[PDB]
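Enquirer: below you'll find the sequence and an experimental structure to go with it.
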Amino acid sequence: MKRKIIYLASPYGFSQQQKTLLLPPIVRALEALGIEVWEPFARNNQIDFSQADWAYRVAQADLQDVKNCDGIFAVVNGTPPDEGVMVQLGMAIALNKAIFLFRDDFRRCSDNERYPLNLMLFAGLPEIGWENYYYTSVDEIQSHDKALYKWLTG
Amino acid sequence: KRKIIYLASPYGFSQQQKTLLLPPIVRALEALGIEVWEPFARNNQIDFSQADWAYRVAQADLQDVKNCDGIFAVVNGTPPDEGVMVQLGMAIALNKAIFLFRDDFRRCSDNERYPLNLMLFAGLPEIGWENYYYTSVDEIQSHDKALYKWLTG
Amino acid sequence: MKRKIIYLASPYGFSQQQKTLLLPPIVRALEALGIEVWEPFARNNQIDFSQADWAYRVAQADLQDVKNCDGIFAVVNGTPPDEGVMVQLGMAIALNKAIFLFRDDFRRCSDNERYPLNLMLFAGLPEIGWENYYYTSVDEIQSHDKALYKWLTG
Amino acid sequence: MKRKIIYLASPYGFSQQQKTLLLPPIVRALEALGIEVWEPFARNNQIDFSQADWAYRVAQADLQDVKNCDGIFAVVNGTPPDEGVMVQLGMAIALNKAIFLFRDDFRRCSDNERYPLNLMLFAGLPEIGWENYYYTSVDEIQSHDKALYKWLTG
Ligand SMILES: Nc1nc(Cl)nc2c1ncn2[C@@H]1O[C@H](CO)[C@@H](O)[C@@H]1F
Ligand SMILES: Nc1nc(Cl)nc2c1ncn2[C@@H]1O[C@H](CO)[C@@H](O)[C@@H]1F
Ligand SMILES: Nc1nc(Cl)nc2c1ncn2[C@@H]1O[C@H](CO)[C@@H](O)[C@@H]1F
Ligand SMILES: Nc1nc(Cl)nc2c1ncn2[C@@H]1O[C@H](CO)[C@@H](O)[C@@H]1F
Ligand SMILES: [Mg+2]
Ligand SMILES: [Mg+2]
């Protein structure tokens, strides 16, 4: 059937080693669920970075990808989470996309007891049961008891 | 008549920043005839004894961005605040007017065109985005920049 | 009560509003205790930024000032705390300077349950009683029940 | 003769995927030069993390490790660099250890023209030729033309 499209938002493309070693396993786990993965660092591989307007066109391309995804899978590691990822997450919330968060970072960093991060990151998630959309390890992505799988199966 | 600006900032996280940094910016925005929605003030009366206060603040902030006319996002720091970034994103996706403020003199970015991550500028024009980018509090009321022009059609 | 030299390490010089509104109140609070305050953004205001070596000169003068102060007063607001403040805090720890920390940020941001920040920031403070060196408001700075006041009388 | 000891300071132990996949390749790059690698997350994995005082014990062990290493190899990826790495780098500078910086993150984030990061990170490096101590990929670590190799071989 038409594979669901996930926009995989991450800061992992800014580092040589992270792009090479951290992203492929996450892409693989998502694809093992039957997902069509739009990964921005891969999807922008061929830009003419010769050109001065390259940054604006990457921004417009990323904006179109988020508007056309079915859901976002946002890597929100780091203190704080990446600002580009955060802009993409807020776009997804406002457009009623499916929302899934990933953080295998064990530091807690927040102003509230309910959420391990700034509360805005959870605005598009339900009040009760948001943890089902919150993944804390790559091997958890495949879980039939978590929200990504449930969302794929109607 | 007056347009509504959502003033997104991390300045409510420090007692000193909330009292000393925010009022001057609120004053500058109001002196242009803008009705300013400042989230830390607008949620002063939310029951912070309750466990669900974080969810109610998040929905209130989401509703405010949906109902504001523009966002005025304080994007100081390396990197800019993540909640501000989420709210700027809602605003871009909802076709709100967008204005950015950064009086931080550090450059922190992935590109030479823009002083920050290019996603922050996704909702601004390709040419002339700098007219929407304020680098000092006293620049806010400048008649040559985008905020004043936006009020006067 | 002695006139000891405090190096006042902060990121508040990087923002125009912060430099003029947040930093002076902390300078005054320390000076109200009879401290000689070494504030780096003012102390290096007489440097020649016109030529390209100004960053190496400022880095060296900051290093000397930590070498010669009696204690550091590190403003460790932000998520995370400022990296230059962090380097200078590490210099002061290794140099056995007195250590005092300031955080009026409400957000707890940490690896661990003992301390509100990354544990390394506290390596130079006692195992028990470190709270007495940890200041969470401008008003608290002058309290005679906290370590800064007692250090001046020692 | 005793092998030179490098303290490998990084935030990579806070993320399960980063600890597993990013650290081993760097440890191997350093060991292939004959270095004894002190990596803090592994060196403290035997501490009893059920007890409340573990945070203090890790801080003191990290402090002692920096005092007893010959050099530090500081992973300063991220915006900004990790605050614990920064404290450990500051300790290393004040204690006249050899200093080496690693950043394969292509984002530039700084207050100056000369350096790609906050100028304090370079205070322990010479004014001229500091780039020789600054590594931008795992593959560069072994370069016979950069400062680590020269430091090992007199
Ligand atoms: N320079 C950039 N290149 C690419 Cl391919 N993507 C970028 C860039 N800057 C920001 N982004 C986008 O924003 C996030 C990283 O900040 C990613 O989800 C996505 F890559
Ligand atoms: N705790 C918070 N309270 C309020 Cl009223 N707003 C918050 C809170 N945490 C995050 N935010 C929202 O996100 C931004 C700061 O992260 C602000 O624009 C806005 F306040
Ligand atoms: N550009 C800088 N100028 C001065 Cl005077 N000090 C600086 C600069 N960049 C970093 N620092 C120093 O490091 C910290 C800020 O990162 C301060 O404690 C101290 F100011
Ligand atoms: N929880 C921590 N455990 C260990 Cl072993 N080291 C830590 C911890 N938190 C901070 N650090 C130290 O500071 C840096 C990470 O912030 C590392 O160089 C070193 F690990
Ligand atoms: Mg099919
Ligand atoms: Mg299955």
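Expert: Nice, thanks for sending it over. Numbers count the residues shown, from 1 in each chain, chains lettered A, B, ... in the order given. Ligands and ions are numbered 1, 2, ... in the order given.
Enquirer: for residue B:46, see how far away the residue nearest to residue A:76 when sequence neighbours are not counted is.
Expert: Spatial nearest neighbour of residue A:76, excluding adjacent residues (C-beta to C-beta, 6 or more residues apart in numbering or on different chains): residue A:103 at 4.9 Å. For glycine as for every other residue, the C-beta is placed from the backbone atoms N, C-alpha and C. In this view, residue A:103 and residue B:46 are 26 Å apart by C-beta to C-beta, to the nearest Å.
Enquirer: which of the two has more neighbours?
Expert: With neighbours defined as other C-beta atoms under 10 Å in any protein chain shown, residue A:103 and residue B:46 compare such that residue A:103 has more, 21 against 14.
Enquirer: quick check: phi and psi at that one.
Expert: With angles defined as degrees, to the nearest 10, residue A:103 sits at phi -150, psi 110.
Enquirer: quick one, what contacts it?
Expert: A:75, A:76, A:77, A:116, A:117, A:134, A:135, A:136 (C-beta atoms under 8 Å, 6 or more residues apart in numbering or on different chains).
Enquirer: doesn't residue D:15 make contact with the third one?
Expert: Yes - the pair residue A:77 and residue D:15 passes the contact test of C-beta atoms under 8 Å, sitting 5.5 Å apart.
Enquirer: which stretch of helix or strand covers the residue most central in space within chain A?
Expert: With distances taken as C-alpha atoms, centre = their mean, the residue of chain A nearest its centroid is residue A:74 (2.0 Å). Assigned by DSSP states H and E, residue A:74 belongs to strand A:71-75.
Enquirer: partner strands of that strand and their direction?
Expert: strand A:5-9 (parallel), strand A:98-102 (parallel) (DSSP bridges).
Enquirer: adding distance to ligand 2, write those out as JSON lines.
Expert: Below are these laid out as JSON lines (distance: least, C-beta to the nearest ligand atom, whole Å):
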{"stretch": "strand A:5-9", "distance to ligand 2": "18"}
{"stretch": "strand A:98-102", "distance to ligand 2": "16"}
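Enquirer: which of those sits closest to ligand 4?
Expert: Among these, strand A:98-102 comes nearest to ligand 4, with 21.0 Å by C-beta to the nearest ligand atom.
Enquirer: and the closest one, is it in reach of ligand 1?
Expert: No - using C-beta under 6 Å from any ligand atom, strand A:98-102 stays clear of ligand 1, with a minimum separation of 12.1 Å.
Enquirer: which other residues reach that strand?
Expert: A:6, A:26, A:70-77, A:89, A:92-93, A:121-122, A:124-125, A:133-136, A:141, A:147-148, A:151.
Enquirer: do the same with stretch A:109-124
Expert: Taking C-beta under 8 Å, 6+ apart as the rule, stretch A:109-124 contacts A:74, A:76, A:79-81, A:86, A:89-90, A:92-93, A:97, A:99, A:101, A:103, A:108, A:130, B:13, B:51-55, B:57-59, B:61-62, B:81-83, B:86-87, C:79, C:106-110.
Enquirer: mind checking what secondary structure whichever residue of chain A sits closest to chain B has?
Expert: Residue nearest to chain B within chain A (C-beta to the nearest C-beta): residue A:90, separated by 2.5 Å. Assigned by DSSP: H, G, I helix; E, B strand; the rest coil, the conformation of residue A:90 is helix.
Enquirer: give me the nearest residue to it, chain neighbours excluded.
Expert: Per C-beta to C-beta, 6+ apart, closest to residue A:90 is residue B:89, 2.5 Å.
Enquirer: please name the residues that touch the closest residue to ligand 3 within chain A.
Expert: With C-beta to the nearest ligand atom, the shortest gap between chain A and ligand 3 falls at residue A:79, namely 16.9 Å. By C-beta under 8 Å, 6+ apart, the contact list for residue A:79 reads A:105, A:107, A:109, C:79, C:80, C:109.
Enquirer: and for residue A:142?
Expert: A:29, A:32, A:33, A:149.
Enquirer: and with 7 Å instead?
Expert: By C-beta atoms under 7 Å, 6 or more residues apart in numbering or on different chains, the residues touching residue A:142 are A:29, A:32, A:33.
Enquirer: closest one to ligand 4 out of the contacts of residue A:103, please.
Expert: For these, the nearest to ligand 4 is residue A:77 (14.0 Å; C-beta to the nearest ligand atom).
Enquirer: right, and the closest one touches residue A:107 too?
Expert: No - with contacts counted by C-beta atoms under 7 Å, residue A:77 stays clear of residue A:107, the gap being 9.3 Å.
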